[PDB]
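As a plain string of letters, each chain reads:
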Amino acid sequence: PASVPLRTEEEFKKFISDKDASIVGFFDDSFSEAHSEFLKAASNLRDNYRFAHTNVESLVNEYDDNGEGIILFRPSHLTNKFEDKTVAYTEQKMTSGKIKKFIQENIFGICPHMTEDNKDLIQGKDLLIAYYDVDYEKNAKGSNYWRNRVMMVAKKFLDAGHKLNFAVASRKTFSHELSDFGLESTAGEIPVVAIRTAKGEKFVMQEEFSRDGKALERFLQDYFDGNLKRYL
């Protein structure tokens, strides 16, 4: 069961309401070539993402116009003004390789919440993390407050040419990582920020994170300009 069959709208809504993203296939034909390739991708990536599919007419018709589509659904608690909750697979042809590329390029969006479960999928490319009291069980409000400030800045640099990934992470859960950056773990609300490049260079924001996001903005500008001393 690398992909969960969803036989009802209750089941589909239940599936997509998770704290992790959903990759849902919509096929009126359960034996199509494309349904086959869907299941191959689900099988290859079964531990990395949550796959489901459906042939429920009302659902396939809602999400696709040709009886053959895939929608990524981002976590509803992470919805934000900078991207949408859904991303439809846009290619005409469906292969497992192409479904794999699609999910990697799209599932996380601009600034995922990095967790113990997804951390190895977020890490590895040049990456800025903002560490603070991320916790959507007890602190949804403060979680969003800071993440929206980080995203508003990220999106300005992304919209310009710049290539860098962004994530928010619990300063607590990832306390061991902080020492790599000369940072300490606190219960504090105000984020600390460090970049690690894929090649291993580390850059640590020095100024306190201002609510107006301009400290983060100055840190990123300096990073891209190459005016930062690397940390160690």
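Basis of the calculations
- Residues numbered from 1 in each chain as written, not as in the entry; some residues may be left out.
- Heavy atoms only, no water.
- 1 Å grid on protein atoms, 1.4 Å probe; cavity = no way out; pocket = protein on both sides within 12 Å on 5 of 7 lines; lining within 4 Å.
- Points joined across faces, edges and corners; volume = space filled by probe spheres on them.
- Nonpolar A, V, L, I, M, F, W, Y, C, P; charged D, E, K, R; others polar.
- Domains from an automatic or database assignment.
- Helix = DSSP H or I, 4+ residues; strand = E, 2+ residues; numbered from the N terminus.
- Pairing = 2+ DSSP bridges.
- Contact = heavy atoms within 4.5 Å.
- Axes fitted to C-alpha atoms, helices over the stretch in contact; angles between N-to-C directions.
- Buried area = accessible area lost by both parts, 1.4 Å probe.
- Buried < 20%, exposed > 50% of the residue type's maximum accessible area, 1.4 Å probe, protein only.
- Right-handed = clockwise from strand over helix to strand, strands pointing away.

Peer 1: Would you explain the layout of surface pockets in this entry?
Peer 2: Empty pockets left among the atoms are what a rolling probe the size of a water molecule brings to light. Put simply, the largest pocket is a space of about 620 Å³. Together, 30 residues line the largest pocket, and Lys-19, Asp-20, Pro-75, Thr-115 and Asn-118 are the ones closest to its centre. Taken together, the residues of the lining of the largest pocket break down into ten nonpolar, seven polar and 13 charged. Residues lining the lining of the largest pocket come from more than one domain, with at least three contributed by each of domain 1 (1–113) and domain 2 (115–226). Empty space within the second largest pocket amounts to approximately 470 Å³. Lining the second largest pocket are 21 residues; nearest its centre among them are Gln-104, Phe-108, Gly-109, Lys-125 and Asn-165. Among the elements that make up the lining of the second largest pocket, the one with the highest residue count is helix 4 (residues 96–106) (four residues). Looking at the lining of the second largest pocket residue by residue, the classes come out as twelve nonpolar, five polar and four charged. Here the lining of the second largest pocket spans two domains, and each of domain 1 (1–113) and domain 2 (115–226) adds at least three residues to it.

Peer 1: I would appreciate a short explanation of the sheet that holds strand 10 (residues 202–204) in the present structure.
Peer 2: To summarise the sheet geometry, strands pair through backbone hydrogen bonds and adopt either a parallel or an antiparallel arrangement. Strand order in this open sheet of five strands is 6-8-7-9-10, and the pairing throughout is mixed. Of all strands in the sheet, those bounded by a partner on one side alone are strand 6 (113–114) and strand 10. Two elements, strand 6 and strand 8 (residues 165–170), share two bridges in a ladder whose sense is parallel. By the bridge assignment, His-113 is partnered in strand 8 with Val-168. Relative to strand 7 (residues 127–132), helix 6 (residues 140–159) is tilted by about 160 degrees, and along the sheet it contacts strand 7 and strand 8. Sheet strands touched by helix 8 (residues 214–225): strand 7, strand 8, strand 9 (192–196) and strand 10. Its angle to strand 9, the strand with the most contacts, is close to 15 degrees.

Peer 1: Quick question: what am I supposed to make of the domain arrangement of the protein chain here?
Peer 2: The parts lose accessible area when they come together, and the size of an interface is often stated as this lost area. Under the domain assignment used here, the protein chain contains domain 1 (1–113) and domain 2 (115–226). In this assembly, 13 residues from domain 1 lie in contact with 19 residues from domain 2. Counting the surface lost from both domain 1 and domain 2, the interface buries some 1700 Å², and carbon and sulfur atoms represent 65% of this. Area buried by domain 1 at its contact with domain 2 is led by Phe-82, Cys-111 and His-113, which between them contribute 44% of it.

Peer 1: What am I meant to see in the pairing of strand 8 here?
Peer 2: Consecutive residues of a regular strand have side chains that alternate between opposite faces of the sheet. Counting buried residues along strand 8, five of its six residues qualify, which places the element largely inside the surrounding structure. Where strand 7 lies against strand 8, six bridges are found, and the strand directions are parallel. Opposite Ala-130, over in strand 8, you have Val-168 as the bridge partner. Following the backbone out of strand 7, through helix 6 and into the adjacent parallel strand 8, one traces a crossover that is right-handed.

Peer 1: Got a minute to help me understand the sheet that holds strand 2 (residues 22–27) in this structure?
Peer 2: Taken together, the five strands give an open sheet; going across it, the order is 1-3-2-4-5, and neighbouring strands pair in mixed fashion. Taken across any chain shown, the strands that pair with only one partner, and hence form the sheet edges, are strand 1 (3–5) and strand 5 (86–88). Taken over all neighbouring pairs, the strand axes of this sheet differ in orientation by 25 degrees on average, direction set aside. Sheet topology places strand 2 next to strand 3 (residues 50–54); five bridges connect them, and they run parallel.

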